[PDB]
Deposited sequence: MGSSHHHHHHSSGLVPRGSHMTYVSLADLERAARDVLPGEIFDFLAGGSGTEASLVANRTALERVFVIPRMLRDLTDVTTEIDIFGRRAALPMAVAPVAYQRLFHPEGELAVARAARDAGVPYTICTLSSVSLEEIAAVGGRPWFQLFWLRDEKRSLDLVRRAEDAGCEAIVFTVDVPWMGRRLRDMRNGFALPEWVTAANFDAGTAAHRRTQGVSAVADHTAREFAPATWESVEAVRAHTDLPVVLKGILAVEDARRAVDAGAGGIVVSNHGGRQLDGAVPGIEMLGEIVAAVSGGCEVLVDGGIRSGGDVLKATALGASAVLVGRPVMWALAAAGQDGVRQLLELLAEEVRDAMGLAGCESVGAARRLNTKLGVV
């Protein structure tokens, strides 16, 4: 039985080959931004409210035209067959059963149409490719397969410097491939080409500057993910959680504002929502659960997160996610 997300990390570290654990856990450079994602959340404290009606606490949200069971989605994580033989299918089935959106990756190790066929109203994460037409074909494939949003990753003009992977000489095993089939820097022109090619909401993942959040709204984005890519891209990039409040104020409801990086409990979800997030993404912990126990492991993680989110909301006096967004916070020292 798992009682915290950290139990799942310990389980995944036991089972996975070291170099695959390092691919999953690592960040770029000195890993300063990886560590800072955790430090930044640890410094945030919630000011809970008391004595409110909790007859019908609900953790549901409406986002991108669908009800979701929690203010959370599974982050895009490439090559999930690295962690378990059922890879993306195991995670997508558990997310569907939990009512949580799952983000299908451009670098999925099972084709996007197979994962979409699991059901659950999934999203699709796009990398812009040197061949533009391939990127736009991926968007059309995702839409035709029933994906509900395009999560355009805007912080990977190229992959960051992953020193653990370099030191391990890590490469994909022969049995893991990019099943949808290189990176080209995306620009605002690329965003507009995607927006013109689809009716789905376009969500820009990897925004940290306030001006880029404003420009995303002006560009017609339906959402942004405030994110430093889990500390895997620019080493020294500010954590998303440290930019979130300023960004939420600047867009002033013009798009959904998600955040990711280091969310490791329902209490962390509560902190993100109190700082103004519409929802969070969760990356590494979902893969820990997949490595530890496959689909059932992911189901147990999502049940644990749902319990922790409900617990934290009610302890803070919030019968709905909207009420949680109106909580105040205080920075402290750890």
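Ranges lacking C-alpha coordinates, please, mapped onto the deposited sequence and listed in sequence order. Model skips 1 to 21, 203 to 224 of the deposited chain.
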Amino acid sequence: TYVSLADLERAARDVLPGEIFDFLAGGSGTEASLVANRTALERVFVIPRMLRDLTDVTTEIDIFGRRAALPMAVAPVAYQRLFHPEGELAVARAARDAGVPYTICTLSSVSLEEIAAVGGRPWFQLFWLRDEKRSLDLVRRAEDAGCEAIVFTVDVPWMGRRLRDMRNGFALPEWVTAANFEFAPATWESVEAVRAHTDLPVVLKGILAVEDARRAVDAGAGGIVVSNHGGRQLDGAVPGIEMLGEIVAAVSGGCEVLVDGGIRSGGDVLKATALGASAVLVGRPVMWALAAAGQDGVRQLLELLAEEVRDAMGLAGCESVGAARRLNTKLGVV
From here on, numbers count along this sequence of modelled residues.
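Take the two forms, find the largest set of C-alpha atoms that superpose within 1.5 Å, and that set is the rigid core.
Consider 126 to 134 and 144 to 152 separately and indicate which one has Cα atoms farther, on average, from the shown form in 7 other deposited structures of this protein after rigid core alignment. Looking at 126 to 134 versus 144 to 152 in 7 other deposited structures of this protein, the farther one turns out to be 126 to 134.
Between 183 to 191 and 217 to 225, which one strays more from this form in 7 other deposited structures of this protein if you match the rigid core and compare Cα atoms? Stretch with the larger root mean square C-alpha distance in 7 other deposited structures of this protein: 183 to 191.
Would you determine, from the values in the PDB entry, which of 163 to 171 and 71 to 79 has the greater average C-alpha temperature factor? So the stretch with the higher mean C-alpha B-factor is 163 to 171.
If you average the CA temperature factors over each stretch, which comes out higher, 88 to 96 or 135 to 143? Mean CA B-factor is higher for 135 to 143.
Considering only 256, 212, 199, 235, which residue's Cα atom bears the greatest B-factor as recorded? Among 256, 212, 199, 235, the highest C-alpha B-factor in the entry belongs to 199.
Tell me, please, which of 66, 284, 49, 38 has the highest C-alpha B factor according to the deposited entry? That would be 66.
Residue 315, C-alpha B-factor rank within chain (lowest, middle or highest third): Lowest third.
Looking at the temperature factor on the CA atom of residue 182, which third of the chain's modelled residues does it land in? Tercile = highest for this residue's CA B-factor.
Chain-relative CA temperature factor third for residue 58: Its C-alpha B-factor belongs to the middle third of this chain's values.
Among the modelled residues of its chain, does the C-alpha B-factor of residue 264 lie in the lowest, middle or highest third? CA B-factor rank for residue 264: middle third.
Determine, from the deposited record, the chain-internal third of the Cα B-factor for residue 120: lowest, middle or highest. Residue 120: CA B-factor falls in the highest third of its chain.
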